[PDB]
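Before any questions on how it binds or moves, here is one chain, the form solved without this ligand, in structure tokens.
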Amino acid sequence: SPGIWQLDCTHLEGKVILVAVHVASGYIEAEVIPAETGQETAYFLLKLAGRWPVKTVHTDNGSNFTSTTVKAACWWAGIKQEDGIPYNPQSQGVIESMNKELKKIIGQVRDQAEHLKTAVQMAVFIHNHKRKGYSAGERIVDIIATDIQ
């Protein structure tokens, strides 16, 4: 559970926002990309796994699950690549909800930034610091720290 992440892809302004969610905490990382390709997804996963202890990734769709470039990155980074089938149906709702929340924050900050990528990183910041009371950022650190001990 401390090492399980979920990929999520959403769209805004004719562009693609790729998101990784740490399932146990709700903590996220995200990037703007021109289009979701195996190559973009592979590079993003490499970045994530160098920064947090990523054991398992639930991929966001069958194309990324199939992609040989994505498999190569998961192999390289020691990641178990799994499908993202919501056997638990609440998953879909949680993801949907998070996408709406992120787009809302992006809209709230959009005019403070000339470029979309900046607004998206502002949204990552606000989401991870938001007190719900602990924040997502505090929960991920606590979960992993307990696990290390």
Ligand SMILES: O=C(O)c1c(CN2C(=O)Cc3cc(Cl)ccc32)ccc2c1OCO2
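Take the two forms, superpose them, and find the largest set of C-alpha atoms that agree within 1.5 Å; that set is the rigid core. The numbering used is simple: start at 1 and walk along the sequence shown.
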Practice task
Consider 89-97 and 45-53 separately and indicate which one has Cα atoms farther, on average, from the shown form in 4 other deposited structures of this protein after rigid core alignment.
Solution key: 89-97
Fill in the blank from the handout: Of the deposited residues between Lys15 and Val16, the number without coordinates is none
Problem - Residue stretch of maximal mean CA temperature factor, 41-49 vs 80-88 - result: 80-88
Practice task
Between 66-74 and 109-117, name whichever shows the higher mean Cα B factor according to the PDB entry.
Solution key: 109-117
Exercise for the section: Name the third of the chain's ranked CA B-factors that contains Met98, choosing lowest, middle or highest. Expected result: highest
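There is another form of this protein, the form deposited with this ligand bound, and it is not shown here; the text below is about that form.
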Exercise for the section: Using the partner position in the deposited complex, report whether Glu82 sits within 4.5 Å of this ligand, counting heavy atoms only. Expected result: no
Problem - Stretch 70-108: residues contacting this ligand in the deposited complex, 4.5 Å heavy atom cut-off - result: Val94, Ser97, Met98, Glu101, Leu102
